[PDB]
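*Asks:* What follows is a structure written as structure tokens; I'll ask about it next.
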Amino acid sequence: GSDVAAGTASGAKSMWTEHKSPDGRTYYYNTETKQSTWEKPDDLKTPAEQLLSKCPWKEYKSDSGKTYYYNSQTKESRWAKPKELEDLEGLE
């Protein structure tokens with residue numbers, strides 16, 4: 001099954017469509033990184049709420065375990081995680 005747009009407006013503030021496997025496991029797919037990921041932190045809350053939890057520039061692994069690094073505020077996506085970007089390590 002080829003799903004890349006289940007609902008689409010399933011969740012915003014971080015473009016994610018709700019996906020579940022026939023076994024009843026539901027995960028989130030973020031079209032930004034094109035990855036499938038677990039229930040996200042304060043990203044679904046508000047960008048400034050995230051900063052204490054997880055930096056707006058973030059690195060996570062998909063269900064395939066691919067790490068992606070993305071600028072959440074501006075919604076740019078890359079693969080490269082220099083702490084130089086955060087100018088620290090991984091928190092705003």
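Start at 1 and count along the chain as shown; that gives each residue its number.
According to its header, the structure was obtained by solution NMR.
From the backbone N, Cα and C atoms, a Cβ is placed for every residue, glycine too.
Okay, these came from Swiss-Prot:
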CROSSLNK  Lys61  SUMO2 cross-link
DOMAIN    10-43  domain 'WW 1'
MOD_RES   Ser21  phosphoserine
MOD_RES   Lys66  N6-acetyllysine
*Asks:* Whole-number answer please: how many Å between the C-alpha atoms of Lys66 (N6-acetyllysine) and the residue listed as 'phosphoserine'?
*Replies:* 19
*Asks:* Do you know offhand how many angstrom separate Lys61 (SUMO2 cross-link) and the residue listed as 'phosphoserine' by C-alpha?
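*Replies:* It is 18 Å, counting Cα to Cα.
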*Asks:* Which residues of the same chain, at least 6 positions away in sequence, have a Cβ lying under 8 Å from the Cβ of the residue listed as 'phosphoserine'?
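*Replies:* Expected: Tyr27.
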*Asks:* What number of additional C-beta atoms lies within 10 angstroms of the C-beta atom of the residue listed as 'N6-acetyllysine'?
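*Replies:* Around the residue listed as 'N6-acetyllysine', other Cβ atoms within 10 Å: 13.
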*Asks:* Please work out the number of neighbouring Cβ atoms within 10 Å of the Cβ of the residue listed as 'SUMO2 cross-link', leaving out its own Cβ.
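*Replies:* Cβ-Cβ neighbours of the residue listed as 'SUMO2 cross-link' within 10 Å number 12.
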